[PDB]
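Shown next, in C-alpha cells, is the structure this report addresses.
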Amino acid sequence: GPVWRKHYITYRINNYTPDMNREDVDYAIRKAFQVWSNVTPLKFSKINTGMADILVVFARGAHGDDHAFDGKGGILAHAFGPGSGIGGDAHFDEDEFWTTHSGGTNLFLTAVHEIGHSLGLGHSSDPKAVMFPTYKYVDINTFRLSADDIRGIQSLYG
Ligand SMILES: COc1ccc(CCS(=O)(=O)NCC(=O)NO)cc1
Ligand SMILES: [Ca+2]
Ligand SMILES: [Ca+2]
Ligand SMILES: [Ca+2]
Ligand SMILES: [Zn+2]
Ligand SMILES: [Zn+2]
C-alpha cells in the first residue's frame with residue numbers, strides 16, 4: 001500500500017476534545033507518535049500552523065469524508081493511509097469520552113492504533129497487537145507493541 005517516502009514527518013492537532021485537559025491531549029498524541037518513531041527511521045514534529053502531513057481531528061457524525069461517525073461506542077476513530085491532502089489524517093469520534101486512564105476511551109492507545117493506519121498498516125488478527133481491530137484498555141505504562149506490530153512497520157519502513 002502507500003508508505004511515506006521521506007523521514008521528517010509533521011503532524012498538527014486541529015482541535016481539542018472538551019473531555020481532556022489540553023496538555024493531556026498534547027501528551028497522549030506525542031507519546032503515541034514516539035511509539036512508532038522508536039521502531040522506525042521516521043522523525044515526527046508538531047507544527048501549530050499550516051499544512052501538516054498528519055492532521056489530528058476530533059469530530060462527530062458526518063464530518064466531511066465518507067467515514068461518518070456513529071454516536072458513542074462503535075467506531076472509536078479512523079485514519080487514512082499515507083498520501084497528500086486527507087492522506088495520513090486521523091479523526092477521533094468526539095461522541096466518545098477521551099481520557100488519560102481507563103474510564104471512557106483512552107486517547108493514547110487509540111492514537112497509537114490510528115497512527116499505525118496513518119503510516120500504512122492495515123489490521124492484524126493477532127489479539128496481542130495494537131493493530132488488532134478491537135479496543136482494550138491496558139495501563140499505558142505497560143503498553144508494548146506486539147512482535148506482529150514491529151514486523152509490520154519494519155516491513156514498511158527502515
Ligand atoms: C488495541 O487498541 C485499539 C484497537 C482498535 C481501536 C479502534 C477500534 S474501532 O474504532 O472501533 N474500529 C475502527 C478502526 O479500526 N479505525 O481505526 C482502538 C484502539
Ligand atoms: Ca462511536
Ligand atoms: Ca494529510
Ligand atoms: Ca467527547
Ligand atoms: Zn473522518
Ligand atoms: Zn483501525
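If you're wondering about the labels, chains in the C-alpha cells are A, B, ... by order shown, residues count from 1 in each chain, ligands from 1 in order shown.
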Surroundings of ligand 3 up to 6 Å, based on only C-alpha atoms and all ligand atoms, as a PyMOL selection string: chain A and resi 53-55+84-89
DSSP-assigned strand (DSSP E or B) members of segment 15-158 of chain A, reported as a PyMOL selection string: chain A and resi 43-46+54-59+77-79+90-93+98-99+105-106
Close residues, residue 94 of chain A itself excluded, 9 Å, only C-alpha atoms, min 3 positions apart in chain, as a PyMOL selection string: chain A and resi 17-19+58-61+69+71-72+76+97-98
Surroundings of ligand 6 up to 10 Å, based on only C-alpha atoms and all ligand atoms, as a count of residues only: 25
Distance in Å - atom CA of residue 99 of chain A versus atom CA of residue 139 of chain A: 12.2 Å
